[PDB]
Amino acid sequence: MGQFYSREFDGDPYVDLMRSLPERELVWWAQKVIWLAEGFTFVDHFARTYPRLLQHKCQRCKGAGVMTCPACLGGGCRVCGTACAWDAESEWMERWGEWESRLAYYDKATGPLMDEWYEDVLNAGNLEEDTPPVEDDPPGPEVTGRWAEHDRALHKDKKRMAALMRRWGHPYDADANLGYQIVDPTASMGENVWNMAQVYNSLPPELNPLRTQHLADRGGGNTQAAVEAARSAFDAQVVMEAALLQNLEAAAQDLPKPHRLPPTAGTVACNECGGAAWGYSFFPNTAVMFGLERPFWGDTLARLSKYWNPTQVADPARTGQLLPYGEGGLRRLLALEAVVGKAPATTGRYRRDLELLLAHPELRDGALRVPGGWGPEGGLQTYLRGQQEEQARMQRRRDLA
Amino acid sequence: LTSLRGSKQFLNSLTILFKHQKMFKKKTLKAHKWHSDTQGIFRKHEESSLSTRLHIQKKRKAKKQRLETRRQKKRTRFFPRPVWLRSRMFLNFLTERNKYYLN
Amino acid sequence: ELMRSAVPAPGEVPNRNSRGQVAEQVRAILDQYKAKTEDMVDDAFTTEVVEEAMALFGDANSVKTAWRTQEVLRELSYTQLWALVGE
Amino acid sequence: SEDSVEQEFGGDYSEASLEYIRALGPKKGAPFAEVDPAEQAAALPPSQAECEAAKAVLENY
Amino acid sequence: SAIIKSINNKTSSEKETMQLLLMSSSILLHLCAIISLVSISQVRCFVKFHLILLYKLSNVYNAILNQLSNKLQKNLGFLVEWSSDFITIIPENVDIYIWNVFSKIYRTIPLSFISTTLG
Amino acid sequence: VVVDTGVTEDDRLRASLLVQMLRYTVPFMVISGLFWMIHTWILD
Amino acid sequence: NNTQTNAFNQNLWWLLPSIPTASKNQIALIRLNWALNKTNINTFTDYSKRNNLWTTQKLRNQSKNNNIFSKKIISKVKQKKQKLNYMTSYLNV
Amino acid sequence: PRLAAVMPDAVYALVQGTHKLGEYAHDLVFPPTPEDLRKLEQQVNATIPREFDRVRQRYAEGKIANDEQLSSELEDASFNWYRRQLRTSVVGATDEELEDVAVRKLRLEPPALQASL
Amino acid sequence: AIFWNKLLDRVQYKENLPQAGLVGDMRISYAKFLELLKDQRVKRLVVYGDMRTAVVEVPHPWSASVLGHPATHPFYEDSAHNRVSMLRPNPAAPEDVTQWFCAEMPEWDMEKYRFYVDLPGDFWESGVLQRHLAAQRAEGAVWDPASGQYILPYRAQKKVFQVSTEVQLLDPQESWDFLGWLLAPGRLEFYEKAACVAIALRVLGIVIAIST
Ligand SMILES: [Zn+2]
Ligand SMILES: [Zn+2]
């Protein structure tokens, strides 16, 4: 835009020519910015590629950073790590329930239908009704049949819809789901974040402090403390997921993993290194530069085949040892495992439930959808208790008259 | 006592909804070979109302296929939303969010 | 049933859609937009709404933790190779 | 007995919709930005029983 | 250490030769990489842009802080450069300063090398 | 089963040297070619 | 949005509304990114085929309101089989 | 514009053009069959579903279209085949009840080996 | 597609890391993973490029067998809409339901946790995976000459809640990191805007040049 006019561009055979044509000036500016983009690309490629030459790995663990505790491979071992948060198998569906509840809020898979339902209940003034359907009528009561019960339950839907709408309004107003139009995937992630971080929309209600900032009293002192102590665990789990995914991305290629986590319930830390499994060294790691990193399958085959097949060159003829190696050999040498075989001992906690699933075949129909779980406080036993207690309750209600 | 338990009143099986409201093609039935014998083990060994629904479906789509309708197009949703579908979706979202308490 | 493969086929693996994919489907179907009687094939139900009945309660959209089933299941693993060879 | 849902609805529906509605959550709570009864129940201090009982232990003191 | 241990262990004054060879190879590799990088035209554009930015920002900082400094003593455009070649805007005393500092830093390499190797 | 094996190129650090040079030098050519295409093959 | 590619973008993150402050700020930003990912909207783009197969009806309608036979009918059943696959349990596609 | 749309079209065009050039390379060296073109004629005819044969006869006897009436005729054939396949997916085929659907999607039955030979 | 669908997951390999069955700190321990492995609860093991990290896939207990539990989605139903179950009461060890026999469910119908695990640096030369593979693959059909017939023994069938393990190793060379970095969305949008302005200025320059 005629920026080469002011005073101080005289003396350049090409700039004075650019003075006479604005298009040359504008394409000069475009090229000037594109060359800088190219330079930035060159440099950042170099800077993310060169560090891979200087990375060396501890040779005893092979970059794992962690070795095995054989005492556990066959009240327990006390050398090898602290059990992780998910080793408790009897806590699985509970944690999954909490997490899927928290995930139900953020979800926008059914965004459009929820939106137009909110737009239908919102005004209720449009009413561009088309032509109503030829309406069926259900087979009347006193006809006990599964098809008939299906039909009667199908015809009892609008009044129940209004009833639940009374009990639980549109989720867009109870803010149980993410807001009306906070995000749609066709704007800019730049805009979509700003809308997300406006007012604590990055959390569900149950952890939001705006819901609780009004009441905190002498009674418990937990209403504003035991929700901050839950927000904290929430953010910790989110950060752990981010870290584990960075490690998975570094292991999808053959790179060394960036996050060195502590050992676990079957492994001890490598003694040679600190548990740090690798590092940068200023010496170029010739094996990566010359592409000799991985060990040629046949070599590993030979190694493992000669490690799993030890040899006994001495014979018990001269040497007075007729027993194999080990301890307590004299005591070492003192039902239906050959047919069905072993009984699996990891799943007794479901035995009871299965028995119930055999005592009540009707629970196997597609109309019932139990939440799930194992214990008496979860899943099938909840429905059984509800059914039995309600039938007894209202049968005793029949006893009043 | 009203808590997370679920019940048979929510029709959580799409084949029932389809064979009761949308699918009226009747089949030529024959002998089977796999069936649930005693002990409830799958081993190897109403029609007139749905006919009425069949006929009314044929009439309705015959009417809206020759361009006789308030709107205009063999195929378009007419915003007379079957509340049966809107209902299920609400029940599902509600139980999924209400799973909060089962601890 | 003795000479069946136990490795099903590259084909008979039906599709299963993740959450993002059911969202894509729900969008692309929500904004998707003489003869006489007894000429019909008796499948004259409304095409649009049964599609949403499918998308929200269909089998190919019913496992909430399906990541990419067709790809990772239409490849053969090491054990499936060892089993093919043995036949 | 005679708790909430059969007071508001009650004769609003048959006994079938009673169970039908009863199986979808206690009332409406933290998942819905509300303040649950059990969590609010701690936000109330003790009653006058506290008052004159502690006054009596004060007199004994 | 594992590096130096390996080249000491596997291959009459031979280990010192191997170690000198390793250190020279590594330094030369890094220097060759850097020179080959800045031998690309667009990377020269990149470094020129960063230099003019840092010059202007240092000028701002200098003005501000020197002015507040002699105040405490009282107590007690861009395009003209960005579109012109590099050497016509920079003086020569600057590069002479760079060269003098370099020379003064490394002028004791021969004596140190000789003393190190010879007992 | 008919098993087939490659030629396995015994040298290993003479079989790999030139291909590694290419692995290191070609990205620069790809970046330069892409940017050259956009910034000269259009606004000549 | 104009600093999406470089690292300088990082300094922008600290400018919107037992351990120190920068820690909890970073963790809030991380939670923001995870939450934005969790909304299941990432895959929808204007140029998919899953979006082009159900939008050919409307575009055909408005455009008409604006060995060949085998080719046509087989193209029809090909697009229909594609919709069968992307819809529910189809068996070979 | 929108490279995300250009790249798939680019590769599709590449491979389809290569297929065309290969077909040309095969029709000149090995000239086309004179009568087995009827073999392929009928064997691409046989897999046309029944819901399309209604226009095939309408394609034989004159009253096909001008060019536009068929292009709205076979549309409803496509659509009824579509809904029929949907019903075969969900409620099964014409000679197949829910037990047999559970049999088929559980992969319970083996392919008949005795009947094979 | 047969070509494109492949090539696309080479360039876009970071989008295909599992994001569905992994939620928070979803690690298990090496002993917990070993225990789950020995008793046949792991459906799919996915060993990664460096061979020092794995993603265990474990079905939800009710989605493992074909029991008609009312927590599995009603995939398979009778005419009278009752889900099917495939129990067999173990004539050798009755009175204990957990030792009964039942068919396993198709892998594309399981709900699955996807746990993370770091393997030790001596996992391959200890032979745990080899022991498991050999134990599970060394049993099959038989011919019984006493009763003259083919026979699938009981020790070759799956009890309740047990599945068959599928080990799958990934290829490090199937990653293509350079192109995934080169064609990133931000670089894509920059390329597009630059090309737009380029074609604009070319046609505008020729417009003003024919206008002379
Ligand atoms: Zn141990
Ligand atoms: Zn180590």
Side-chain angles (χ1 to χ4, degrees), chain A residues 61 64-99 229-230 232-245 247-248 251 257 259-271 274-277 344-350 373-375 378, chain B residues 103, chain I residues 21-43 45-47 52-61 112-123 126 128-129 132 161 165:
Chain A
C61 38
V66 146
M67 303 301 312
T68 318
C69 156
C72 280
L73 44 64
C77 206
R78 273 268 251 283
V79 204
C80 57
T82 50
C84 282
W86 279 81
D87 305 37
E89 190 183 10
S90 308
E91 278 84 348
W92 273 0
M93 214 65 114
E94 184 240 24
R95 295 158 163 267
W96 189 235
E98 318 161 27
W99 269 102
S232 266
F234 193 57
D235 301 274
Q237 303 268 115
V238 161
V239 165
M240 278 315 294
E241 206 216 54
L244 297 186
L245 288 159
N247 277 20
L248 280 180
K257 290 172 314 192
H259 304 305
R260 287 92 134 179
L261 313 170
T264 52
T267 75
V268 319
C270 193
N271 43 8
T346 169
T347 159
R349 69 182 55 83
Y350 311 109
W374 66 284
Chain B
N103 65 261
Chain I
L22 193 136
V23 277
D25 177 280
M26 275 280 262
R27 297 171 304 180
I28 40 179
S29 85
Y30 184 61
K32 180 59 164 165
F33 157 60
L34 274 191
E35 175 210 46
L36 280 187
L37 190 65
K38 298 187 186 324
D39 53 0
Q40 314 195 46
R41 307 275 313 272
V42 172
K43 179 72 192 173
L45 181 39
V46 186
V47 197
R52 289 173 323 238
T53 294
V55 180
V56 192
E57 292 182 2
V58 177
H60 291 219
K112 282 199 263 197
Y113 314 94
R114 287 176 221 264
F115 295 108
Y116 175 107
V117 49
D118 281 87
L119 318 168
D122 33 0
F123 164 82
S126 50
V128 290
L129 205 61
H132 188 70
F161 302 107
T165 307

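Values below: all heavy atoms of this structure, side chains included; hydrogens, waters and symmetry mates excluded. Reminder, nothing fancy here: chain letters follow the sequence lines and each chain counts from 1.
Considering CD of A:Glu94 and CG of B:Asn103, their distance stands at 6.5 Å, rounded to 0.5 Å. From A:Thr346, atom OG1 reaches atom CD of I:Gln40 across 12.0 Å, with rounding to the nearest 0.5 Å. The CG atom of I:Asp118 lies 7.0 Å from the CG atom of A:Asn247; values are rounded to the nearest 0.5 Å. Separation of atoms CG (I:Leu22) and CD (I:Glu57) is listed at 11.0 Å; rounding is to 0.5 Å.
Across A:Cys61 and A:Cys270, no two heavy atoms sit closer than the pair SG-SG, 3.5 Å. Taking each heavy atom of A:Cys77 and A:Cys72 in turn, the nearest pair found is CB-SG, 3.7 Å. Scanning all heavy atoms of the two residues, the minimum distance from A:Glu241 to I:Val23 falls at OE2-O, 2.7 Å. Nearest heavy atom pair, residue A:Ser90 against residue A:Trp374, reads O-NE1, 3.5 Å. Nearest heavy atoms, I:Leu119 versus I:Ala54: CD2-CB, 4.2 Å.
Side-chain contact between I:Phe161 and A:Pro344 is absent, with no heavy atoms from C-beta onward closer than 4.5 Å. Using a 4.5 Å heavy-atom cutoff, the side chains of I:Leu45 and I:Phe33 are in contact. Between A:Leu261 and A:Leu244 the shortest side-chain heavy-atom distance falls below 4.5 Å. Using a 4.5 Å heavy-atom cutoff, the side chains of I:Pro120 and I:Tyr30 are in contact. Side-chain contact check for I:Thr53 versus I:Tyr116: some heavy-atom pair is nearer than 4.5 Å. At a threshold of 4.5 Å between non-hydrogen side-chain atoms, the residues I:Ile28 and A:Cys84 do not count as touching. In this structure, I:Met26 and I:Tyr113 have side chains that are in contact, with non-hydrogen atoms separated by less than 4.5 Å. Side-chain contact between I:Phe115 and I:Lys32 is absent, with no heavy atoms from C-beta onward closer than 4.5 Å.
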- request: List the steps, then state whether side chain to side chain contact (heavy atoms under 4.5 Å, CB included) holds for A:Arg95 with A:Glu98.
  value: CA-CA 5 Å; A:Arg95 295 158 163 267; A:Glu98 318 161 27; 4.2 Å; yes
message: Please evaluate residues I:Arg27 and A:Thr264 with respect to the criterion side chain to side chain contact (heavy atoms under 4.5 Å, CB included), reporting the C-alpha separation (whole Å), side-chain torsions for both, the decisive distance (0.1 Å), and the verdict.
response: CA-CA 10 Å; I:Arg27 297 171 304 180; A:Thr264 52; 5.8 Å; no
task: Check step by step if side chain to side chain contact (heavy atoms under 4.5 Å, CB included) holds for I:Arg41 and I:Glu35.
output: CA-CA 9 Å; I:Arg41 307 275 313 272; I:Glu35 175 210 46; over 6 Å; no
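The backbone N or O of I:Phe123 lies less than 3.5 Å from a partner atom in the side chain of I:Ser126, making a donor-acceptor pair. The backbone N or O of A:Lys257 lies less than 3.5 Å from no partner atom in the side chain of A:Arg260, so there is not a single donor-acceptor pair. Listed for the I:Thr165 side chain is a donor-acceptor partner under 3.5 Å among the backbone atoms of I:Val42. A distance-only check finds no donor-acceptor pair linking the side chain of A:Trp86 to the backbone of A:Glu91 [under 3.5 Å].
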